[PDB]
Amino acid sequence: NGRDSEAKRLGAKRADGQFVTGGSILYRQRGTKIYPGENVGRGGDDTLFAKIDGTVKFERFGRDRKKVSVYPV
Amino acid sequence: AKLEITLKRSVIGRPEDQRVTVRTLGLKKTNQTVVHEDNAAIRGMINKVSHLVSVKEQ
Amino acid sequence: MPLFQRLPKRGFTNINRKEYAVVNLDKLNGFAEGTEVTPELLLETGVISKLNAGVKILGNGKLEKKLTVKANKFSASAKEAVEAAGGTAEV
Amino acid sequence: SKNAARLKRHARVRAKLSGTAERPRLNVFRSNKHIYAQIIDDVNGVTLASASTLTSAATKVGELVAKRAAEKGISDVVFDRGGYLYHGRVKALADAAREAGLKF
RNA sequence: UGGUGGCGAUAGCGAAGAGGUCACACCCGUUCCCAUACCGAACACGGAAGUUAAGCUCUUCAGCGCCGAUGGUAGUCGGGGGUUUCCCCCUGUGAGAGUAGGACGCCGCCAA
RNA sequence: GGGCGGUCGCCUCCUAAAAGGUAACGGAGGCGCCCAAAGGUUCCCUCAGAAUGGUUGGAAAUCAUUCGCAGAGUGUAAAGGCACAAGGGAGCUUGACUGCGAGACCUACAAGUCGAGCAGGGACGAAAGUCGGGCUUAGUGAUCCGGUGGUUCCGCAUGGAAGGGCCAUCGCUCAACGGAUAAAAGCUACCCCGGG
RNA sequence: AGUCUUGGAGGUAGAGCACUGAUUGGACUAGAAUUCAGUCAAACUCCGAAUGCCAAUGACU
Numbered sequence: 020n021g022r023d024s025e026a027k028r029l030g031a032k033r034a035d036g037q038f039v040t041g042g043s044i045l046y047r048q049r050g051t052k053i054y055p056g057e058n059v060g061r062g063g064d065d066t067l068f069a070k071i072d073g074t075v076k077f078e079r080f081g082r083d084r085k086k087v088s089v090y091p092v
Numbered sequence: 002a003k004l005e006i007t008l009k010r011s012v013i014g015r016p017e018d019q020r021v022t023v024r025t026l027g028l029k030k031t032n033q034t035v036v037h038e039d040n041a042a043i044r045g046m047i048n049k050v051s052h053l054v055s056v057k058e059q
Numbered sequence: 055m056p057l058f059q060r061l062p063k064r065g066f067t068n069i070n071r072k073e074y075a076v077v078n079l080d081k082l083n084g085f086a087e088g089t090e091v092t093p094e095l096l097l098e099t100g101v102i103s104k105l106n107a108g109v110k111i112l113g114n115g116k117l118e119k120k121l122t123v124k125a126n127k128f129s130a131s132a133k134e135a136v137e138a139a140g141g142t143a144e145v
Numbered sequence: 006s007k008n009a010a011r012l013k014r015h016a017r018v019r020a021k022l023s024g025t026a027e028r029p030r031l032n033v034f035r036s037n038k039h040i041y042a043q044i045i046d047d048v049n050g051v052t053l054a055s056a057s058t059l071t072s073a074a075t076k077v078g079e080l081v082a083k084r085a086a087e088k089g090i091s092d093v094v095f096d097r098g099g100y101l102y103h104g105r106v107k108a109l110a111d112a113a114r115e116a117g118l119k120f
């Protein structure tokens, strides 16, 4: 039981209020823990990214569901 | 106003960033003295290194 | 294994490639008068360092007056610029 | 019940399309008495056009939704199916106003 | 009063009153448009006799759920000290649980 | 200490000190795939189990009733995710696509990952729009070498052909998975020799 | 680079419990499903903490 698989790179890519160019890696995670926000699409591995250049913000939805958004500069 | 700052210990043996904060104050020899106007940023440094530096208010 | 023994080789090579001498259109801007500009005078004064198969003229730059040109080939953009100053393109 | 079902259907259709970026949405309300219609946005809520009567003899009055939309006539508006299947009077209320100068 | 909304159920569920000229619902059928692992139940459809009994609406209840302190704690981020399969001080931000309490909703847009 | 055994790639958790990275001959488990459908799209749909009425009928396969906030399910193992459903039911289809790609993620490199948007042509729906394979992450290999095709380039004095280039495509358990050659066992100490 | 200013994560044990579990105390009683709740969880999860690193926009050095 000493065998161990490589840990895929998963985590945060950007912070709050950061000039992000469009199509840049944001938040990539398995499944769907963080829902998409304004100007945010999805990929094959459910990765969050940006479409238009601008700042990034953080928020939530209901009682236990966060989401990301990107406002135009 | 103004604030006088003097070393009382040395940075040798102390951990990493506490060397860097007392370098940015302007101190690099023990028992040196520098004058700085008061601030919230400068006062925040002194709470990081308080056992090292004793503060002298005029 | 080193990197160059993982990159595959790239087609083949031609046994006879014809590479003519090329001169910026800007090489005729420093000459006396466009007349009988034969490659055996290009090679004597030395604007071309060596005549090989043929002398090709490139259309990079601006021409000045008319000058008789004798070249193996011609670029299409190079063809009009001598034909605009008042030069002849005899191939 | 029927109402709840229709609402859910609309939501499902609202969850995909919004459109409201000066190409607004146009909703249909179908009651047992008569058919109501509203143009409305998402964040705005302003009703630039609202038509109602108050089979498709009511859709002759349902043709008025573009005849009211004639006053403005400014960008295309996406049609909302609601919880109603594009079959009957709801489907005959889209083309009717489409010919009067609305691009949808 | 209806439509579509905006806010993290403080919206909720539960319990009782109010109701309807209009609103809206049931209620009347399948003539076709369209319907069912089966069916005018639904989706449709075309019609206004009607009870409102429900849905919906207005008004009450701390029943359930939810939201939530203040203070003290605990473990530590500096620094210190002893008896160290560990323990104790001083400047540091400070929970959870628990209670006081919040609360049976607010805030837009038209339409009639 | 040499010997006996195992293991040498990829995936999820556990150690791994609350995220990138992180050890041990530390602890748990999986895989060398499957499926034209378990796919794309259009539109509907809510569930497991409890508790009654019996024709088979068992403490249990079904059967209509009161109920259920997920006790269900999703090709596969886990965790992360999900009932505005990705999960059920049908209509309809082959986008399981051609040329690409602003950028970013990862980090010695080689690779690997996601991708808005554009064009050519479609599918699907009234439309907006969605579609460059499966809820997400595993199911694979170098150059080298030969094989089957599409063809233009070249083709040694001139034409051809021969042969190679350039695209589509096959053969690797190379499994000691960044792959010493196509090919390869013990053996002996009085042992030769550099080392504890 | 250093400090403070503001909004941006993580479930480590301070932990106790709906879900999973180790259990038994007691079960329901056909001692298997499961009832009131005591326990412990490296592979248990409705809650928020102390530094950093992502930035940010300012300040001062």
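Chains as they are written, first to last, in the UniProt record's numbering: chain A, 20 to 92; chain B, 2 to 59; chain C, 55 to 145; chain D, 6 to 59, 71 to 120.
The C-beta atom is built at its ideal place from N, Cα and C for all residues, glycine as well.
Buried or exposed for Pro29(D), going by 16 or more other Cβ atoms inside 10 Å? buried
Item to complete: Along the alpha helix (DSSP H) that carries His15(D), what are the first and last residues, could you check?
Response: 7-21
Practice item. Hey, could you find the ends of the beta strand (DSSP E) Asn32(D) is sitting in? Key: 30-35
With 16 other CB atoms within 10 Å as the buried threshold, where does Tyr100(D) fall?
buried
Looking at the strands, I want to know which residues DSSP matches up with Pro93(C). Its beta-bridge partners do not exist; DSSP assigns none.
(message) Just to confirm, is the Cβ distance from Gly42(A) to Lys86(A) under 9 Å?
(response) no
Practice task
Thinking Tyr74(C) and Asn114(C) are a contact (beta carbons under 8 Å), I'd like their distance in whole angstroms, please.
Solution key: Not confirmed; about 15 Å, so no contact.
Q. Which residues bound the alpha helix (DSSP H) around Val56(B)?
A. Taken as a continuous stretch (DSSP letters only), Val56(B) belongs to no alpha helix (DSSP H), being part of the beta strand (DSSP E) at 54-57.
* Asked: Between the Cα of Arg84(D) and the Cα atoms of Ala10(D), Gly117(D), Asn49(D), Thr71(D), which residue gives the shortest distance?
  -> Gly117(D)
| message | Please identify the residue among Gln37(A), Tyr54(A), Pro91(A) whose C-alpha is closest to the C-alpha of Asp83(A). | response | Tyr54(A)
Margin query: Using DSSP's beta-bridge definition, name the partner residues of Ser57(D).
Written below: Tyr41(D)
Is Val123(C) buried or exposed, if buried means 16 or more other CB atoms sit within 10 Å of its CB? buried
**Request:** Reducing DSSP to helix, strand and coil, say where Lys70(A) ends up.
**Result:** coil
Using 9 Å as the threshold, is the C-beta distance between residue 61(D) and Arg35(D) below it? Residue numbering in chain D breaks between 59 and 71, and residue 61(D) falls inside that break, so it has no position here.
| request: Starting from the N-terminal side, write out each stretch of the beta strand (DSSP E) that is 3 residues or longer and does not extend beyond the region 59-112 of chain C. | output: 75-77, 109-111
query = Can you name the start and end residues of the beta strand (DSSP E) that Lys85(A) belongs to?
reply = 85-91
For this session: Let me know the secondary structure DSSP gives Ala2(B) once reduced to three states.
Result: coil
For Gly45(B) and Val75(A), what's the separation of their Cα atoms in angstroms? 30 Å
Suppose you measure from the CA of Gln48(A) to the CA of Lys27(A); what does that come to, to the nearest Å? 10 Å
Note to self: On a Cα-Cα basis, can you pick out the residue from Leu26(B), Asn40(B), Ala41(B) that is closest to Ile6(B)?
What the structure shows: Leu26(B)
Review point. Beta-carbon separation of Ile40(D) and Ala9(D) under 9 Å?
Key: no
Ignore the nearest five residues each way along the sequence and tell me which others in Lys32(A)'s own chain have a CB closer than 8 Å to its CB. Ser43, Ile44, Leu45, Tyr46, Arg47
- Query: Under the rule that 16 or more other beta-carbon atoms within 10 Å means buried, what is residue 93(A), buried or exposed?
  - Reply: In this structure chain A extends from 20 to 92, so residue 93(A) is not present and cannot be described.
Taking DSSP as the reference, what is the three-state secondary structure of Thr25(B)?
helix
**Asked** Is DSSP giving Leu57(C) helix, strand or coil here?
**Response** helix
Q.
Using the three-state DSSP reduction, which class does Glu78(A) fall into: helix, strand or coil?
A. strand
Can you tell me whether DSSP reads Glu38(B) as helix, strand or coil? coil
Exercise for review: Compare the beta carbon distance of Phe128(C) and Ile102(C) with 9 Å and say whether it is the shorter of the two.
Suggested key: no
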